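Chemist: So here's entry_29.txt, just compact mmCIF, C-alpha atoms and all ligand atoms:
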# COMPACT_ATOMS: atom_id res chain seq x y z
CA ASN V 575 -24.26 270.26 183.22
CA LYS V 576 -24.69 269.00 186.79
CA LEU V 577 -24.42 265.41 185.52
CA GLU V 578 -20.96 265.10 187.09
CA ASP V 579 -22.44 262.61 189.58
CA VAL V 580 -21.62 259.84 187.09
CA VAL V 581 -17.96 260.66 187.72
CA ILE V 582 -16.62 258.92 190.83
CA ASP V 583 -13.29 259.66 192.50
CA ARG V 584 -10.56 257.07 192.04
CA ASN V 585 -9.88 257.20 195.80
CA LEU V 586 -13.23 255.49 196.46
CA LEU V 587 -12.19 252.66 194.10
CA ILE V 588 -9.64 249.89 194.76
CA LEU V 589 -8.67 247.91 191.67
CA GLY V 590 -7.76 244.24 191.83
CA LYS V 591 -7.00 241.39 189.44
CA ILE V 592 -7.78 240.96 185.75
CA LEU V 593 -10.84 238.75 185.23
CA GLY V 594 -10.68 239.04 181.43
CA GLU V 595 -8.75 240.92 178.75
CA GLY V 596 -10.32 241.87 175.43
CA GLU V 597 -8.98 243.99 172.59
CA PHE V 598 -10.96 247.21 173.12
CA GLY V 599 -10.52 247.05 176.89
CA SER V 600 -9.96 244.97 180.00
CA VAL V 601 -12.16 244.00 182.95
CA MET V 602 -10.74 244.10 186.49
CA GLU V 603 -12.20 243.28 189.88
CA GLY V 604 -12.50 246.07 192.40
CA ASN V 605 -13.98 247.37 195.63
CA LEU V 606 -16.14 250.51 195.71
CA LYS V 607 -16.48 252.57 198.88
CA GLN V 608 -19.85 254.27 199.29
CA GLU V 609 -21.47 256.99 201.36
CA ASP V 610 -22.82 254.27 203.67
CA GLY V 611 -19.26 253.42 204.72
CA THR V 612 -19.70 249.94 203.21
CA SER V 613 -17.83 248.64 200.17
CA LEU V 614 -19.20 246.53 197.33
CA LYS V 615 -17.58 244.16 194.85
CA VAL V 616 -17.63 245.81 191.43
CA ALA V 617 -16.35 245.12 187.92
CA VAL V 618 -14.29 247.91 186.34
CA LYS V 619 -14.16 247.94 182.53
CA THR V 620 -11.48 250.20 181.05
CA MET V 621 -12.82 252.26 178.13
CA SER V 626 -9.71 262.34 171.59
CA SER V 627 -11.55 265.57 172.43
CA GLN V 628 -13.73 267.18 175.10
CA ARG V 629 -16.89 266.71 173.00
CA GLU V 630 -16.74 262.89 172.89
CA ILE V 631 -15.82 262.58 176.57
CA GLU V 632 -18.99 264.53 177.34
CA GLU V 633 -21.02 262.18 175.14
CA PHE V 634 -19.50 259.12 176.83
CA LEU V 635 -20.34 260.39 180.32
CA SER V 636 -23.81 261.68 179.31
CA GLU V 637 -24.89 258.42 177.69
CA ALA V 638 -23.39 256.98 180.87
CA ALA V 639 -25.78 259.23 182.81
CA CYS V 640 -28.77 257.72 181.00
CA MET V 641 -27.43 254.24 181.79
CA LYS V 642 -27.06 255.38 185.41
CA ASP V 643 -30.75 256.27 185.55
CA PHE V 644 -31.73 252.88 184.08
CA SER V 645 -33.27 250.48 186.62
CA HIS V 646 -34.67 247.13 185.43
CA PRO V 647 -34.26 243.63 186.90
CA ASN V 648 -32.90 242.29 183.58
CA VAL V 649 -30.72 245.33 182.78
CA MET V 650 -27.42 246.10 184.48
CA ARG V 651 -27.07 249.30 186.48
CA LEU V 652 -24.27 251.82 185.97
CA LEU V 653 -22.58 252.56 189.29
CA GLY V 654 -20.10 255.10 187.98
CA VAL V 655 -17.24 256.19 185.75
CA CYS V 656 -13.66 257.01 186.76
CA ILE V 657 -11.44 259.09 184.49
CA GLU V 658 -8.07 257.56 185.44
CA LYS V 666 -8.72 255.99 179.37
CA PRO V 667 -12.02 255.96 181.28
CA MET V 668 -13.14 253.16 183.58
CA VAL V 669 -16.74 251.93 183.86
CA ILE V 670 -17.77 250.69 187.32
CA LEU V 671 -20.65 248.19 187.28
CA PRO V 672 -21.83 245.58 189.82
CA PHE V 673 -20.06 242.24 190.19
CA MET V 674 -21.73 238.93 189.31
CA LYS V 675 -20.20 235.87 190.97
CA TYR V 676 -21.93 233.37 188.66
CA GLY V 677 -20.44 235.01 185.57
CA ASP V 678 -21.52 234.98 181.95
CA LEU V 679 -24.25 232.78 180.51
CA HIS V 680 -22.06 231.40 177.70
CA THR V 681 -19.48 229.96 180.08
CA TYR V 682 -22.35 228.90 182.34
CA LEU V 683 -23.93 226.77 179.59
CA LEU V 684 -20.63 225.29 178.41
CA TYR V 685 -20.01 224.40 182.07
CA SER V 686 -23.52 222.94 182.31
CA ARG V 687 -22.43 220.41 179.68
CA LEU V 688 -19.63 219.34 182.04
CA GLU V 689 -20.27 217.03 184.99
CA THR V 690 -18.91 219.11 187.88
CA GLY V 691 -20.94 222.12 186.77
CA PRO V 692 -24.73 222.40 186.63
CA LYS V 693 -26.97 219.49 185.72
CA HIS V 694 -28.93 219.10 182.48
CA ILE V 695 -30.34 222.64 182.27
CA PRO V 696 -33.96 222.06 181.18
CA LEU V 697 -35.83 223.94 178.49
CA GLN V 698 -37.72 225.76 181.25
CA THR V 699 -34.48 227.29 182.51
CA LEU V 700 -33.17 228.02 179.01
CA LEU V 701 -36.45 229.67 178.02
CA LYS V 702 -36.50 231.59 181.31
CA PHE V 703 -33.06 232.93 180.39
CA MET V 704 -34.35 234.02 176.98
CA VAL V 705 -37.38 235.69 178.60
CA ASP V 706 -35.03 237.54 180.94
CA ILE V 707 -32.92 238.90 178.08
CA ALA V 708 -36.14 239.72 176.20
CA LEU V 709 -37.51 241.79 179.09
CA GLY V 710 -34.18 243.59 179.39
CA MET V 711 -33.75 244.41 175.70
CA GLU V 712 -37.42 245.39 175.50
CA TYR V 713 -36.97 247.73 178.46
CA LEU V 714 -34.04 249.34 176.66
CA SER V 715 -36.05 249.49 173.42
CA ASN V 716 -38.89 251.44 175.04
CA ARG V 717 -36.29 254.07 176.01
CA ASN V 718 -34.70 254.01 172.51
CA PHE V 719 -31.32 252.71 173.65
CA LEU V 720 -29.27 250.47 171.36
CA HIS V 721 -27.10 247.64 172.70
CA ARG V 722 -24.74 247.16 169.71
CA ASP V 723 -23.21 244.10 171.44
CA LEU V 724 -25.72 241.41 172.43
CA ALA V 725 -24.46 237.87 173.00
CA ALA V 726 -24.51 235.12 175.61
CA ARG V 727 -21.00 236.24 176.56
CA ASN V 728 -22.33 239.75 177.25
CA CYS V 729 -25.35 238.53 179.27
CA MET V 730 -24.60 238.10 182.96
CA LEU V 731 -26.09 235.81 185.60
CA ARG V 732 -27.14 237.34 188.91
CA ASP V 733 -27.20 235.88 192.42
CA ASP V 734 -30.84 234.79 191.94
CA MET V 735 -29.88 232.85 188.77
CA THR V 736 -31.47 235.47 186.51
CA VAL V 737 -29.98 236.85 183.29
CA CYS V 738 -29.43 240.59 182.90
CA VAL V 739 -28.21 242.33 179.76
CA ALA V 740 -24.87 244.11 179.93
CA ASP V 741 -22.17 245.72 177.77
CA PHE V 742 -24.65 248.27 176.42
CA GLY V 743 -23.38 251.70 175.41
CA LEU V 744 -20.04 252.58 173.83
CA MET V 762 -15.23 240.55 166.05
CA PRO V 763 -18.89 239.67 166.76
CA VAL V 764 -19.61 239.75 163.02
CA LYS V 765 -21.77 236.61 163.22
CA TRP V 766 -24.09 238.51 165.60
CA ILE V 767 -24.68 241.49 163.28
CA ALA V 768 -27.58 241.92 160.87
CA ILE V 769 -27.36 242.28 157.10
CA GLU V 770 -28.55 245.90 157.09
CA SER V 771 -25.67 246.74 159.42
CA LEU V 772 -23.16 244.69 157.42
CA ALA V 773 -24.19 246.57 154.25
CA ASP V 774 -25.76 249.97 154.98
CA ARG V 775 -23.75 250.46 158.21
CA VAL V 776 -27.01 251.26 160.00
CA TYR V 777 -27.85 249.89 163.45
CA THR V 778 -31.48 249.87 164.60
CA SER V 779 -33.43 247.99 167.26
CA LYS V 780 -34.14 245.23 164.74
CA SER V 781 -30.41 244.52 164.53
CA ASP V 782 -30.61 243.92 168.28
CA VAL V 783 -33.51 241.60 167.46
CA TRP V 784 -31.17 239.69 165.14
CA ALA V 785 -28.60 239.47 167.93
CA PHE V 786 -31.39 238.20 170.18
CA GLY V 787 -32.18 235.40 167.74
CA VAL V 788 -28.51 234.45 167.59
CA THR V 789 -28.36 234.51 171.39
CA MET V 790 -31.40 232.22 171.56
CA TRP V 791 -29.54 229.91 169.17
CA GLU V 792 -26.57 229.97 171.56
CA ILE V 793 -28.70 229.19 174.62
CA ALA V 794 -30.44 226.33 172.80
CA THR V 795 -27.09 224.99 171.56
CA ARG V 796 -25.58 225.74 175.01
CA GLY V 797 -22.60 227.73 173.76
CA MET V 798 -22.01 226.61 170.18
CA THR V 799 -20.13 229.14 168.07
CA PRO V 800 -22.62 230.59 165.55
CA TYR V 801 -22.48 229.63 161.86
CA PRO V 802 -20.16 226.60 161.99
CA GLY V 803 -18.11 225.91 158.88
CA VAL V 804 -18.50 229.52 157.67
CA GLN V 805 -15.65 231.94 158.35
CA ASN V 806 -16.20 235.50 159.53
CA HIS V 807 -15.53 237.09 156.12
CA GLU V 808 -18.15 234.95 154.32
CA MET V 809 -21.04 236.15 156.51
CA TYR V 810 -22.63 238.77 154.24
CA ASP V 811 -22.60 236.60 151.11
CA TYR V 812 -23.76 233.65 153.22
CA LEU V 813 -26.70 235.73 154.46
CA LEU V 814 -27.18 237.35 151.04
CA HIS V 815 -27.97 233.87 149.68
CA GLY V 816 -30.75 233.44 152.26
CA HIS V 817 -28.81 231.02 154.48
CA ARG V 818 -29.47 231.60 158.18
CA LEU V 819 -28.62 229.70 161.36
CA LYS V 820 -29.82 226.10 161.14
CA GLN V 821 -32.19 224.51 163.63
CA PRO V 822 -30.37 222.69 166.47
CA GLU V 823 -30.95 219.01 167.24
CA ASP V 824 -33.09 219.15 170.41
CA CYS V 825 -34.73 222.45 169.42
CA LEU V 826 -38.50 222.83 169.07
CA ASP V 827 -40.27 224.21 166.01
CA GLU V 828 -41.71 227.07 168.08
CA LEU V 829 -38.25 228.12 169.30
CA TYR V 830 -36.82 227.92 165.79
CA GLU V 831 -39.73 229.97 164.44
CA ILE V 832 -39.06 232.65 167.07
CA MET V 833 -35.37 232.65 166.11
CA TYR V 834 -36.10 232.65 162.36
CA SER V 835 -38.43 235.64 162.66
CA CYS V 836 -35.44 237.67 163.87
CA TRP V 837 -33.24 236.76 160.88
CA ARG V 838 -35.63 238.01 158.18
CA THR V 839 -34.19 240.25 155.48
CA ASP V 840 -36.50 243.24 156.07
CA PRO V 841 -36.59 244.71 159.61
CA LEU V 842 -40.26 245.67 159.20
CA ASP V 843 -41.13 241.97 159.00
CA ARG V 844 -39.13 241.21 162.15
CA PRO V 845 -40.97 241.09 165.49
CA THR V 846 -40.48 243.56 168.31
CA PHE V 847 -38.95 242.67 171.67
CA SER V 848 -42.37 242.93 173.34
CA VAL V 849 -43.94 240.40 170.96
CA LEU V 850 -40.91 238.11 171.29
CA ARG V 851 -41.04 238.29 175.09
CA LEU V 852 -44.74 237.41 175.15
CA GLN V 853 -44.18 234.53 172.71
CA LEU V 854 -41.41 232.99 174.81
CA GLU V 855 -43.46 233.58 177.98
CA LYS V 856 -46.50 231.69 176.68
CA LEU V 857 -44.28 228.92 175.30
CA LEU V 858 -42.78 228.56 178.78
CA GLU V 859 -46.30 228.53 180.24
CA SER V 860 -47.30 225.52 178.13
CA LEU V 861 -44.51 223.31 179.51
CA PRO V 862 -44.73 220.89 182.45
CA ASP V 863 -43.14 221.98 185.72
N1 LIG W 901 -12.30 234.25 186.89
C1 LIG W 901 -13.35 234.66 187.01
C2 LIG W 901 -14.76 235.22 187.17
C3 LIG W 901 -15.69 234.55 187.95
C4 LIG W 901 -16.97 235.06 188.10
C5 LIG W 901 -17.32 236.24 187.47
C6 LIG W 901 -16.39 236.91 186.69
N2 LIG W 901 -16.73 238.04 186.08
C7 LIG W 901 -17.67 238.88 186.47
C8 LIG W 901 -17.71 239.93 185.57
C9 LIG W 901 -18.55 241.03 185.61
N3 LIG W 901 -19.16 241.50 186.70
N4 LIG W 901 -19.90 242.59 186.36
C10 LIG W 901 -19.76 242.83 185.02
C11 LIG W 901 -20.30 243.82 184.16
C12 LIG W 901 -19.98 243.82 182.81
CL1 LIG W 901 -20.67 245.07 181.73
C13 LIG W 901 -19.13 242.85 182.30
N5 LIG W 901 -18.79 242.84 180.88
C14 LIG W 901 -17.97 241.72 180.29
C15 LIG W 901 -17.14 242.24 179.08
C16 LIG W 901 -17.43 241.22 177.89
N6 LIG W 901 -18.05 240.18 178.45
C17 LIG W 901 -18.78 240.75 179.79
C18 LIG W 901 -18.60 241.87 183.14
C19 LIG W 901 -18.92 241.87 184.52
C20 LIG W 901 -16.74 239.66 184.61
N7 LIG W 901 -16.17 238.51 184.94
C21 LIG W 901 -15.11 236.40 186.54
With the file now loaded, output its structure as structure tokens.
Modeler:
Amino acid sequence: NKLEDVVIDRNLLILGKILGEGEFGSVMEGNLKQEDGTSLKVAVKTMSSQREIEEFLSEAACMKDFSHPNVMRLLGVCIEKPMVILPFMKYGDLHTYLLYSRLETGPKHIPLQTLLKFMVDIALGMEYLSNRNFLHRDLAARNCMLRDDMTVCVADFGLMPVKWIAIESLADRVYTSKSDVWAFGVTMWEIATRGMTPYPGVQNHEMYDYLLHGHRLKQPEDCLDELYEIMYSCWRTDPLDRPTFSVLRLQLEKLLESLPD
């Protein structure tokens, strides 16, 4: 109905350079002019009936009413394939941030307190979205962004990463919150391994069988048994046995409490 406020005129937007090309869309830098007269740096992510366009912009309306420190906000949508206008993060994605942390010019040895704080951030975000019954469908360290206060916020939620998908989705083609829990365990594995590609030595087409024989992601070298238990709880065969994002968040929070400053 009156939810046309999600639509923003193209005249208020000024596109720039390509910061990254995918296959389902591209991400460009841009400036957004506002009612205040000031302009902000924004990322514009590009992308057949009038019933699916409505669903895209309505779901977009829900995302526009979301407001959580660890969840990205939806600034708007232009219609010139559609274009999704979100805030701009100078520090970039956590995956590249960790891989850079392993290099000398980048960050220093990121301690387990900072890694765990990242995981707690993503846990609070995904839990916030779970309480509102919103599904991410694409959760990875590449899709988690770092903010100006060095906090991680979830992104790319709404409407291959096979190694991030759960068995029930690989087989029954059903996607629930527990599949997002699986993706959260894989993301924790990434943050602990600081950017290692999941399931080394196993190609993308062998995933299901590999998981159908009970083989999950192995424990990293420096990882702790508590962290690997938290990850392993997410990769269980039956979603009912998997923990919820609230329980996971509290677990990681207490584990971070027990560590020296
Ligand atoms: N050179 C370079 C360089 C340097 C610093 C930062 C960036 N940079 C920022 C963004 C970005 N700002 N706000 C976003 C919102 C979403 Cl939703 C997404 N989604 C992505 C699609 C899949 N992976 C995430 C990205 C952004 C993307 N690049 C580039």
Chemist: Just the number, please: distance in Å from atom CL1 of ligand LIG 901 (chain W) to atom CA of residue V:672, one decimal.
Modeler: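 Atom-to-atom, atom CL1 of ligand LIG 901 (chain W) to atom CA of residue V:672, that is 8.2 Å.
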Chemist: At a cut-off of 8 Å and counting only C-alpha atoms and all ligand atoms, what residues surround ligand LIG 901 (chain W)? Please answer as a ChimeraX atom specification.
Modeler: /V:593-594,596,600-603,616-619,650,670-678,727-730,740-742
Chemist: I'd like the neighbourhood of residue V:640 as a list in words, where a residue qualifies if any of its atoms comes within 10 Å (using all atoms listed in the file), though same-chain residues fewer than 5 positions away should be ignored.
Modeler: residues 577, 580, 635, 652, 717, 719 and 743 of chain V
Chemist: Just want the 7 Å neighbourhood of stretch 827-841 of chain V, counted on only C-alpha atoms, with same-chain residues fewer than 6 positions away dropped. Output as a PyMOL selection string.
Modeler: chain V and resi 780+783-784+787+790+818+821
Chemist: Considering all atoms listed in the file, can you say which of V:802, V:647, V:590, V:692 comes closest to residue V:708?
Modeler: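 Among the listed residues, V:647 lies closest to residue V:708.
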Chemist: Can you sort out the box for stretch 674-685 of chain V, edges along x, y and z, all listed atoms in, 8 Å on every side, with centre and edge lengths in Å to one decimal, as lines of an AutoDock Vina configuration file?
Modeler:
center_x = -21.9
center_y = 231.7
center_z = 184.3
size_x = 20.8
size_y = 30.5
size_z = 29.3
Chemist: Mind filling out stretch 656-689 of chain V with N, CA and C atoms and sending it as a compact mmCIF listing (two decimals), keeping the file's coordinate frame?
Modeler:
# COMPACT_ATOMS: atom_id res chain seq x y z
N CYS V 656 -14.90 256.34 186.39
CA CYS V 656 -13.66 257.01 186.76
C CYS V 656 -12.94 257.46 185.50
N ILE V 657 -12.15 258.53 185.64
CA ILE V 657 -11.44 259.09 184.49
C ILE V 657 -9.98 258.67 184.42
N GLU V 658 -9.47 257.99 185.44
CA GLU V 658 -8.07 257.56 185.44
C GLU V 658 -7.82 256.51 184.37
N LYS V 666 -7.49 256.65 179.79
CA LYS V 666 -8.72 255.99 179.37
C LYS V 666 -9.71 255.89 180.53
N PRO V 667 -11.00 256.03 180.22
CA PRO V 667 -12.02 255.96 181.28
C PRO V 667 -12.18 254.53 181.79
N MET V 668 -12.92 254.43 182.89
CA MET V 668 -13.14 253.16 183.58
C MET V 668 -14.59 253.10 184.03
N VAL V 669 -15.30 252.06 183.63
CA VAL V 669 -16.74 251.93 183.86
C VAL V 669 -16.97 250.97 185.02
N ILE V 670 -17.55 251.47 186.10
CA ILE V 670 -17.77 250.69 187.32
C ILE V 670 -19.21 250.21 187.35
N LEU V 671 -19.38 248.89 187.28
CA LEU V 671 -20.65 248.19 187.28
C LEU V 671 -20.64 247.18 188.42
N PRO V 672 -21.80 246.62 188.78
CA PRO V 672 -21.83 245.58 189.82
C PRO V 672 -21.08 244.33 189.39
N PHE V 673 -20.79 243.48 190.39
CA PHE V 673 -20.06 242.24 190.19
C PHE V 673 -21.01 241.05 190.30
N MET V 674 -20.91 240.13 189.34
CA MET V 674 -21.73 238.93 189.31
C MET V 674 -20.83 237.72 189.53
N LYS V 675 -21.05 237.01 190.64
CA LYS V 675 -20.20 235.87 190.97
C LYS V 675 -20.41 234.70 190.01
N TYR V 676 -21.64 234.51 189.52
CA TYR V 676 -21.93 233.37 188.66
C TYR V 676 -21.42 233.56 187.23
N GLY V 677 -21.10 234.79 186.84
CA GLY V 677 -20.44 235.01 185.57
C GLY V 677 -21.38 235.09 184.38
N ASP V 678 -20.81 234.83 183.21
CA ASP V 678 -21.52 234.98 181.95
C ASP V 678 -22.25 233.70 181.56
N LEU V 679 -23.37 233.89 180.86
CA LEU V 679 -24.25 232.78 180.51
C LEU V 679 -23.58 231.80 179.55
N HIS V 680 -22.73 232.29 178.65
CA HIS V 680 -22.06 231.40 177.70
C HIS V 680 -21.21 230.37 178.43
N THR V 681 -20.28 230.85 179.25
CA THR V 681 -19.48 229.96 180.08
C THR V 681 -20.35 229.12 181.01
N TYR V 682 -21.47 229.67 181.47
CA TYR V 682 -22.35 228.90 182.34
C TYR V 682 -22.95 227.70 181.61
N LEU V 683 -23.35 227.88 180.34
CA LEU V 683 -23.93 226.77 179.59
C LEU V 683 -22.87 225.74 179.24
N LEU V 684 -21.73 226.20 178.70
CA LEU V 684 -20.63 225.29 178.41
C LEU V 684 -20.24 224.49 179.65
N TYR V 685 -20.27 225.13 180.82
CA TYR V 685 -20.01 224.40 182.07
C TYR V 685 -21.14 223.43 182.38
N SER V 686 -22.39 223.82 182.08
CA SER V 686 -23.52 222.94 182.31
C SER V 686 -23.36 221.63 181.55
N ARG V 687 -22.69 221.66 180.39
CA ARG V 687 -22.43 220.41 179.68
C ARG V 687 -21.39 219.54 180.39
N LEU V 688 -20.60 220.11 181.28
CA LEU V 688 -19.63 219.34 182.04
C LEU V 688 -20.26 218.80 183.33
N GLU V 689 -19.64 217.77 183.90
CA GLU V 689 -20.27 217.03 184.99
C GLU V 689 -20.17 217.76 186.32
